[PDB]
Amino acid sequence: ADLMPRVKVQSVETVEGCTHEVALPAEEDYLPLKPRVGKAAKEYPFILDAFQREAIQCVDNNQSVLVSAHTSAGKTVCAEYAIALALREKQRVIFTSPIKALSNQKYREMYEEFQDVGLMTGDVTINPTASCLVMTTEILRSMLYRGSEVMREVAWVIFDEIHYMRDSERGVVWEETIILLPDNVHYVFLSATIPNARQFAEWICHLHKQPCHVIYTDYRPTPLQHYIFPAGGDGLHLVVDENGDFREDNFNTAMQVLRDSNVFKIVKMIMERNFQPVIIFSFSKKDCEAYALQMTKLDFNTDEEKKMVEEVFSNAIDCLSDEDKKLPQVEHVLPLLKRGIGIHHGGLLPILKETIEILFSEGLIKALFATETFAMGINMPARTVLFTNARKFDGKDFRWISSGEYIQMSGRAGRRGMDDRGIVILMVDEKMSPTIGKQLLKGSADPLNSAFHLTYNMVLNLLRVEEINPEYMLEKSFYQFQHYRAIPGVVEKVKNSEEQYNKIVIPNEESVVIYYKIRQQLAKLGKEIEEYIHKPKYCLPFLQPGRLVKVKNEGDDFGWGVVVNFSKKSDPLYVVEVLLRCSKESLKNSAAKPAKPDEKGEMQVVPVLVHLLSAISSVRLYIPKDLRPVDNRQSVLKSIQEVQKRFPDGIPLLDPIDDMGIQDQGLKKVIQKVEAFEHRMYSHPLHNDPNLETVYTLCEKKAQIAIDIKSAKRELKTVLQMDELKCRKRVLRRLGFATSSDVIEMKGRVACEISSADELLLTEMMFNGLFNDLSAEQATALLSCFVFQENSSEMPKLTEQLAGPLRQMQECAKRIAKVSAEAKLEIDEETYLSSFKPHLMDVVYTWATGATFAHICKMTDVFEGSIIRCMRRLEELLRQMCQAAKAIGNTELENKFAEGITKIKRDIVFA
Ligand SMILES: Nc1ncnc2c1ncn2[C@@H]1O[C@H](COP(=O)(O)OP(=O)(O)O)[C@@H](O)[C@H]1O
Ligand SMILES: [Mg+2]
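Conventions we followed
- Residues numbered from 1 in each chain as written, not as in the entry; some residues may be left out.
- Chains lettered and ligands numbered in written order.
- Heavy atoms only, no water.
- Residues with missing side-chain atoms left out of burial classes, pairs and counts.
- Helix = DSSP H or I, 4+ residues; strand = E, 2+ residues; numbered from the N terminus.
- Domains from an automatic or database assignment.
- Contact = heavy atoms within 4.5 Å.
- Nonpolar A, V, L, I, M, F, W, Y, C, P; charged D, E, K, R; others polar.
- Salt bridge = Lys/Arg side-chain N within 4 Å of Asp/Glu carboxyl O.
- Expected span 1.5 Å × (residues − 1).
- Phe/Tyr/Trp six-rings, centres within 6.5 Å; stacked < 30°, edge-to-face > 60°.
- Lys NZ or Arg CZ within 6 Å of the ring centre and 35° of its normal.
- Polar contact = N/O pair within 3.5 Å; in protein donor to acceptor, adjacent residues only side chain to side chain.
- Pairing = 2+ DSSP bridges.
- Axes fitted to C-alpha atoms, helices over the stretch in contact; angles between N-to-C directions.
- UniProt positions renumbered as here; feature names shortened; annotations may be inferred.
- Parallel < 35°, antiparallel > 145°, perpendicular 65-115°, else oblique.
- Right-handed = clockwise from strand over helix to strand, strands pointing away.

This entry lists X-ray crystallography as its structure determination method and reports a resolution of 3.55 Å.

Here you go:
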């Protein structure tokens, strides 16, 4: 209907310390907020910082608020006031958080103060009905879709960590929950620094016809000072200050040492100088645990503290069974804890990881080694954060930690009250340019950008609800609320087109354009002559050492340089090391950049792929070996220079047809045209005319301005992900889930219940009788495959009791890939059937028999924690599958799956 968002942000004057703006519908006029009609919903012992006061007042005026501030500032102060007005006026409230662990402590942190609280997480329902219900975002989405009544009395939904909407996988759940939520509800959003905070406000203003205020402060309660440890270095160096200033001088020095037990010295130093507590963030479970055993050589705890650790560990581990209290981890973790040394990793049994968390808060662990995700976990802030590496593997390739990652993990430094200041240390193992360090340490926080991925649970559930259609979510989605730039695209199109018209009177007649095409086509034909020269059959025999070759990147010309070697590394791609002039700055780089016109620059060895060589020259010149010294590298410049002085036209070049090699391929045809175009040029009347250089330059601007105008017009159709819904709707109709008129069918309504896993395969397998005629023990293992997505494991040999079911899951999985392909979906059959992993299948059947976890832990190499996560996720899948069978009324299946939940739910898991 071509109806687009019409929302205006109006600035609200702010006392020093906050930026307050108010997103409002354009039609609605701005009225200043009313003040404190009620004396106080809640009273805080602490003296409120200015941002807290402006945000709370918005809660008071029943106007929605979005808060962005650093992780030690009092963002929660805003959540607790909202919960207080809600409990006071009796309106029900919900707190929704990204991870379950934030919720389990937050239920308790909220329960003590309020005591009319409930927890809704898949693992547990406590006080299922209460005025304040802590719901994970995932259960809210289920509840909103299920037509549950808990959302009837809610007028405040508190979305903590809305900056977790960015992730592709769970970003749909937050965006979906906000759209499904009624326009009546007012929402308080708690986020860390986000550059695009205003846009989020405009979404909740357009989406819910209300004002979403935005409060932004850069306040950090405890100043953080950033440090870097060069390898093999006596001391730490101050790269960044409390004032935030970047010290390049020290950073290059710290770097300078880098050109030419390490953790133990840094940890020991921190402890001696009272920089404790230190969270050492290692990127691997193998590195973190192994590092701790290094510090076992030192005792960091008092004798009184050791008794307190023993009293806490045993009170905590009393819950476990006597055979269970002797598991290989339980015995081993206590000694490390006594010394003040702790491990926080996802390979940990859950009861132990919570004990480590309670002790660190209580001060009984003074050096905690943690994997990154402890960062996502609530609180547990420290004085010093130490990074055992500056690079984290992305699976496809190893990469430096993103600016955003340093900002989260560095913010666990600076306890607000105990520490006057906070200290952050990075250990760098590879050369880094100042440009990388300025971004990693001083990086602006990542923008909050949508990752709306359509899921069959999204399409199927929306078909069930009568009022809404799957397409509704697409239009109200954050991804289609970037409609805010279409109006900008139009402003450039008209403005640029008017500019072309002012240029058109200045531009000359089409006769110059005719030359431009002949000049441009000859350049285009020229690139084709180069494509043949780069070919590894002809170029490589000729890329001998000492040769004069010219290297050009995209938009960068390095110019003449002398080859040092010929080699194959990384259709194979061949790498030639060509000495090329490069900026004196490129010496610092770990990406080498061509010398600027200002400086002569310094020659250096830049690995160059053969594909980048513009030209190969028939002049080979001497390269001194030991090209390390600045004098030897610069000497070649004088030698390449004499070749340029001796020859006026330029260095001679080897003709591909004769000197370079056998051009059996018809380059003669590209060359045949090249000469004629040169003949067409020059013969063209406008050749070498007086003031031609300026006369021709204008012609280029008009062409490129047209390119800019033409290109922008292509990007201005809408309907961005409709092809995916269209293809996804077709797979559902074919498989049997929905009718051709888009009405859900009973096969479909079962899949709406299985939202913890692949709804399509499990509902289709359920129909083909796969689950039927299988012992509950066999069924529990097969459903595990859906909820295990790890790696670096070898399948335990599977007997026909467990392999035969697996061979049959694949057949349904192969069909779903095939129906998906004929539906123009992007599924690759191999990944889909491999997505479900059979690695932990024999560790779930053995658990079903009644074997203790220790037998189970031995059967597979997986860390104890991967087994616990798979098992509670399996208990839910079983719970979702048993409800699904109610719809089809299969009595055995509902009981068989319910039998499975009882057999699996035992001992240390589900503690
Ligand atoms: N006025 C205040 N200034 C600074 N810190 C405060 C203040 N009041 C409470 N705090 C402390 O700061 C934290 C409150 O903010 P927090 O819950 O960390 O927000 P978020 O988790 O959203 O970053 C808690 O440690 C709290 O005890
Ligand atoms: Mg928090």
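Next comes the rest of the account.
### Concerning the overall build of the chain
Of the regular secondary structure elements, the chain holds 33 helices and 23 strands. Overall, the C-alpha framework of the chain stretches about 90 × 70 × 70 Å when taken along its three principal axes.

### Brief notes about the domain arrangement of the chain
Split by domain assignment, the chain resolves into domain 1 (7-216), domain 2 (224-442), domain 3 (543-654) and domain 4 (754-904). On a C-alpha basis, the centroid separation for the pair domain 2 and domain 4 is 37 Å. Domain 2 puts nine residues into the contact, and the matching count from domain 4 is eight residues. Counted by class, the side of domain 2 that touches domain 4 contains four nonpolar, three polar and two charged residues.

### Focus on the pattern of salt bridges
Of the charged contacts in the structure, one is a salt bridge between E405 and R399, with a shortest N-O distance of 2.9 Å. The shortest N-O distance in the salt bridge between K726 and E471 comes to 3.4 Å. Each of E471, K726, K729, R733 and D742 takes part in one network of salt bridges that share partners.

### Thoughts on helix α6 (residues 197-208)
Look at α6: 17 Å from first C-alpha to last across 12 residues, which is about the 16 Å you get at 1.5 Å a residue. With its phi angle positive at about 55°, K209 sits one or two positions after the end of α6.

### Concerning the packing of aromatic side chains
Consider the rings of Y832 and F836, whose centres lie 5.3 Å apart with planes at 55°: the pair is tilted. Positioned over the ring face of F737 is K747, at 5.6 Å from the centre of the ring. Its end group placed over the ring of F897, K896 keeps NZ or CZ at 4.6 Å from the ring centre.

### Looking at the side chain of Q210
In this fold, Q210 is placed in the loop between α6 and β10 (212-216). Here the side chain of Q210 touches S64 through a polar contact of 2.7 Å, side chain to side chain. Excluding residues within four positions of it along the chain, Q210 makes contact with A23, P25, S64, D183, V185, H186, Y187, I204 and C205.

### Structural notes on the side chain of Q329
Within the fold, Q329 resides in helix α11 (residues 328-339). A polar atom in the side chain of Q329 sits 2.9 Å from the backbone nitrogen of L349. Dropping the residues within four chain positions of it, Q329 is found in contact with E289, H345, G347, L348, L349, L352 and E864.

### Some thoughts on the sheet that holds strand β18 (residues 422-427)
Strand order in the open sheet formed by six strands is β11-β18-β15-β12-β14-β13, and the pairing between neighbours is parallel. If you trace the sheet from one side to the other, it starts and ends with β11 (224-229) and β13 (341-344), each paired once. When the angles between neighbouring strand axes are averaged without regard to direction, this sheet yields 20°. Relative to β18, strand β15 (residues 384-387) runs parallel, the two sharing four bridges.

### Considering the UniProt feature "binding site: ATP" in the chain
The feature "binding site: ATP", as annotated in UniProt, sits at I47, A69, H70, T71, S72, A73, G74, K75 and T76 in this numbering. Here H70 is to be found in the loop between β3 (64-68) and α2 (76-89). Other than its neighbours up to four places away in sequence, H70 contacts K75, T193, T217, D218, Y219 and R220. Within the secondary structure, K75 sits in the loop between β3 and α2. In contact with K75, not counting residues within four places along its chain, are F51, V67, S68, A69, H70, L190, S191 and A192. One polar contact links the side chain of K75 to the main-chain carbonyl oxygen of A69, over a distance of 3.0 Å.

### What to know about unusual backbone geometry
That bond from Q276 to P277 is cis: its omega, -10°, falls within 30 degrees of zero. Relative to the assigned elements, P277 resides in the loop between α8 (262-272) and β12 (278-281). Even without being a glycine, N379 presents a positive backbone phi close to 50°. Here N379 shows up in the loop between β14 (367-370) and β15.

### Brief notes about the packing of helix α27 (residues 776-786) against helix α33 (residues 891-904)
Geometrically, a packed helix pair is captured by the angle between its two axes and the distance between the axes. For the pair α27 and α33, interaxial distance at closest approach is 9 Å and the crossing angle is 80°. In terms of axis orientation, α27 runs roughly perpendicular to α33. Between α27, through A776, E777, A779, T780 and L783, and α33, the contact on the second element is made entirely by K896, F897, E899, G900, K903 and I904. The class makeup of the residues in the contact of α27 with α33 is five nonpolar, two polar and four charged.

### With respect to the sheet that holds strand β21 (residues 574-582)
Within a sheet, neighbouring strands are paired by backbone hydrogen bonds and run either parallel or antiparallel to one another. Judged by pairing direction, the sheet is antiparallel, and its five strands sit side by side in the order β22-β21-β20-β19-β23 without closing on themselves. Edge strands, defined here as strands with exactly one partner in the open sheet, are β22 (602-609) and β23 (613-620). Here the strands of the sheet are splayed against their neighbours by 35° on average, with no regard to which way each runs. Across five bridges, strand β19 (residues 547-552) lies against strand β20 (residues 557-568) in antiparallel orientation.

### Some remarks on the packing of α27 against helix α32 (residues 864-888)
Interhelical geometry of α27 versus α32 gives an angle of 110° and a closest axis separation of 9 Å. It follows from the interaxial angle that α27 and α32 lie roughly perpendicular. Seen from α27, the contacting residues are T780, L783, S784 and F786; seen from α32, they are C870, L874, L877, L878 and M881.

### Digging into the environment of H186
For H186, the position within the fold is in strand β9 (residues 186-191). Contacts of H186, omitting those with residues within four sequence positions, involve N62, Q63, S64, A155, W156, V157 and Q210.

### Notes on the environment of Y538
As for its placement among the helices and strands, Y538 is situated in helix α19 (residues 536-542). In this structure, the C-alpha to C-alpha distance between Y538 and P434, residues 104 residues apart in sequence, is 40 Å. The contact partners of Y538, leaving out residues within four places of it in the chain, are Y532, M660, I662, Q663 and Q665. Within polar-contact distance, the side chain of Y538 engages the side chain of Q665 at 2.9 Å.

### Side note on the pairing of β13
Here four bridges tie β13 to β14, and the two strands are oriented parallel to one another. Each residue of the ladder has a partner; that of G342, found in β14, is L368. Running through helix α12 (residues 350-362), the crossover from β13 to the neighbouring parallel element β14 is right-handed.

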